[PDB]
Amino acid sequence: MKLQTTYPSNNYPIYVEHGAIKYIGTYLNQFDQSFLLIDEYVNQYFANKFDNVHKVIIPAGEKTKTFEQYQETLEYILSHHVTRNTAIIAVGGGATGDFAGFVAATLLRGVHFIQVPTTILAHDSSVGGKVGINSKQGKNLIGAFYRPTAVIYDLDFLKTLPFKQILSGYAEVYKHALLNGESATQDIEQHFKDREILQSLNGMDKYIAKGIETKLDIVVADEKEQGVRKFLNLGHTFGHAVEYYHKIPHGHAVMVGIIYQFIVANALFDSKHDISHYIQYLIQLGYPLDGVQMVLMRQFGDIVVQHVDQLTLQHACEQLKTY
C-alpha cells in the first residue's frame, strides 16, 4: 500500500508493505551521496539487509536525541564535503527518525530525507514532518517541521520487536483508532483483545495503515499544529510527564495519559467514560501497571483542546492512583 500527502505542493509517498526496503534503491540513484544514519541496535539486527552511501551509527533510541550528538553528526557529515543534493536516510525508530530528520532539516539549510521506520510506533513518527531533539529542559523542545522526500515503511522490520516495543507502539495505533472514532476503537479492541494476539502482530498491518491514514488527514489538514493537529496530542499531556520521571517507554506513558485524559473529561464534562473498561483493556494487553492545555475526548467524535486547573488534575491523579 502506497499512501501520499495531498498538500498544494511538495508532497511525499508513504510505502507501507512487507519488503518496502527495496524502494530505497530506486531513490538512492538521484543523490550525490547518501548517509545511512542507523540506530546502534538496529544496525546489529539488520546490518545485512543494507550491506556514495555511508553508514553513520548513532546511539540507541533516545540516547541520540541530544544537542551534543546533533553537533557531532552534522560535523562528521559536513567533513565529507557534501552537497545540497545529499540524502539522509533514517533507518530505525522514532528517535533516530527525529534526530536524523533534524540533521537533514538543518544540514546546508535542508538536504534530501528518506524515512525508513522500523517500529510500530514509527507509523506515527515518520509521518507529519516533526523532527528534532531533546533539551536539558524537556522532551523534543528543539526541532523543526520538515517533509521527508519519502517514507518507506517495511513491515518485516517489525518481526524483531520485543513485546516491550510492541506495547509501546500499540499506544499510538490505539490513539489513532480513538481519534478515528468509536467504531474504529471497538473494532481494534475486539481484535487485539489480549497480550497473545497483540504479541503475534496478526493484522497489525491493517491497523497500522488505518493509523497512518488517520494522521495523514490531520497533518495535511493542519501541518503546523495550529488547529486539529493538536488532537494528535491525545494523552501526551500527562504522558510526556510520566515518561520523563519514570523513564518508561513512550507508548506505555501515552496509555497512562490516555487513561488520565478520560478521568479528566469525566470531571469537567461528565462524559461517563468507563475508566474501569480502559484499565482492564491495558491489563489484558499486558501493560505493566506500576490553566494547562490538554486534548480531551468529551465523546467519540467530540475531541476538544482546553486548559485544566491543578485541582482537577490533582483529583484526576487521585482517581488514577485508585487503580
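Take the two forms, superpose them, and find the largest set of C-alpha atoms that agree within 1.5 Å; that set is the rigid core. Residue numbers here begin at 1 and follow the sequence given.
- Larger average C-alpha displacement in 4 other deposited structures of this protein, relative to the shown form after a rigid core fit, is seen for 307-315 when comparing 18-26 with 307-315.
- Fitting each structure in 4 other deposited structures of this protein onto the rigid core and averaging C-alpha distances over structures and residues, 129-137 emerges as the more displaced of 113-121 and 129-137.
- Deposited sequence between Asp51 and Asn52: 4 to 9 residues lack coordinates.
- Comparing 205-213 with 237-245, the stretch with the higher mean C-alpha B-factor in the PDB entry is 237-245.
- Averaged over Cα atoms, the B-factor as recorded in the entry is higher for 179-187 than for the other of 93-101 and 179-187.
- Taking the deposited Cα B-factors for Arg147, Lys159, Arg109, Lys136, the highest one is held by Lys136.
- If you compare the C-alpha temperature factors of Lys130, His80, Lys193, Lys230 in the entry, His80 comes out highest.
- In this PDB entry, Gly286 carries a Cα temperature factor that places it within the lowest third of its chain's modelled residues.
- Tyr27: CA B factor in the highest third of modelled residues in this chain (values from the PDB entry).
- In this PDB entry, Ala60 carries a Cα temperature factor that places it within the middle third of its chain's modelled residues.
- In this PDB entry, the Cα temperature factor of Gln261 sits in the middle third of its chain's modelled residues.
- When the CA B factors of the chain's modelled residues are split into thirds, the value for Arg84 lands in the highest one.
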